[PDB]
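Participant: what's the 3D shape of this:
(2 chains)
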Amino acid sequence: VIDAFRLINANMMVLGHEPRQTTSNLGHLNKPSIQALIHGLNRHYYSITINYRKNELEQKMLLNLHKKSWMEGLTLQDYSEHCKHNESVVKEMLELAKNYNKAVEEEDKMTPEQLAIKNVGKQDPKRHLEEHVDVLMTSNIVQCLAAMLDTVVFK
Amino acid sequence: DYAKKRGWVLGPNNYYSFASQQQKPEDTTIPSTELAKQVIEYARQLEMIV
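Facilitator: Numbers count the residues shown, from 1 in each chain, chains lettered A, B, ... in the order given. Pasting the structure now:
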């Protein structure tokens, strides 16, 4: 949040003169906020539009600013601990399947929005079931791929 | 005629027919290529918009 201002003339403005000239749409693209109107921006001064103009070299830097070293990309995660995580999530799936069966059974038994409105406390097992996928996937895929590659590139 | 027609060289009175044909040694490399193809495909048609 940035702003840039300059003072309106020291009155002699009972003439009703505009503070500025206009020959473009270019200055009326933005809506002044209520707060500055409270403190009187168009009554005593005026705003001026901020613009950015980056040069070539700094923007070349600015993208590097997050790159991370090649050393890491080829590295494997430990296979132990990894298996532990797999078993954790798979055993977490059960309770959600059990709950899901009831949640399927009971719907349309009442008015439609009164499904959601009565589901603000207890969780809805669909989402928690779904978002444990995208954790077995992604993880298993990328680990198997990385091992499968580097088994060739070194000897 | 059978002997000199088919195999079983009867050297030390032995008629032997090759009936082992094990071959297929530990050959992880052919997996290492085609399985990579396979997994890349799994991830291909998983997030692309259908």
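Participant: can you give me the helices in chain B?
Facilitator: Under the criterion DSSP state H, helices of chain B are mapped to B:2-5, B:29-47.
Participant: okay if I get those helices as TSV plus mean neighbour count and distance to residue A:65?
Facilitator: Using the backbone N, CA and C atoms, a C-beta is placed for each residue, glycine as well. As requested, the helices of chain B are exported to TSV (neighbours: other C-beta atoms under 10 Å in any protein chain shown; distance: least, C-beta to C-beta, whole Å):
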stretch	mean neighbour count	distance to residue A:65
helix B:2-5	8	80
helix B:29-47	12	27
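Participant: ok, for residue A:149, nearest residue in space, not its chain neighbours?
Facilitator: Counting by C-beta to C-beta, 6 or more residues apart in numbering or on different chains, the nearest residue to residue A:149 once its immediate chain neighbours are dropped is residue B:36, at 6.6 Å.
Participant: distance of residue B:21 from residue A:85?
Facilitator: When distance is defined by C-beta to C-beta, to the nearest Å, residue B:21 is 43 Å away from residue A:85.
Participant: repeat for residue B:16
Facilitator: From residue B:16 over to residue A:85 the distance is 55 Å, taken as C-beta to C-beta.
Participant: which strand or helix spans the closest residue to residue A:2 other than its chain neighbours?
Facilitator: Distances taken as C-beta to C-beta, 6+ apart place residue A:50 nearest to residue A:2, at 5.7 Å, with adjacent residues excluded. With secondary structure defined by DSSP states H and E, residue A:50 is part of neither a helix nor a strand.
Participant: roughly how far apart are residue A:50 and residue A:30?
Facilitator: Between residue A:50 and residue A:30 the computed distance is 10 Å (C-beta to C-beta).
Participant: which residues of chain A lie near chain B?
Facilitator: Within chain A, the residues that sit near chain B (C-beta under 8 Å from any C-beta of the partner chain) are A:137, A:141, A:144, A:145, A:148, A:149, A:151, A:152.
Participant: go with 6 Å
Facilitator: Counting by C-beta under 6 Å from any C-beta of the partner chain, the positions of chain A adjacent to chain B are A:141, A:144, A:145, A:148, A:151, A:152.
Participant: which residues of chain B lie near chain A?
Facilitator: Among all residues of chain B, those adjacent to chain A (criterion: C-beta under 6 Å from any C-beta) are B:32, B:35, B:36, B:39, B:43.
Participant: right, and the pair among these with maximum separation?
Facilitator: Farthest pair in the residues of chain B next to chain A (C-beta to C-beta) is B:32 and B:43. Separation: 17.1 Å.
Participant: and residue A:59, its phi and psi?
Facilitator: Here the main-chain torsion angles of residue A:59 (degrees, to the nearest 10) amount to phi -70, psi -30.
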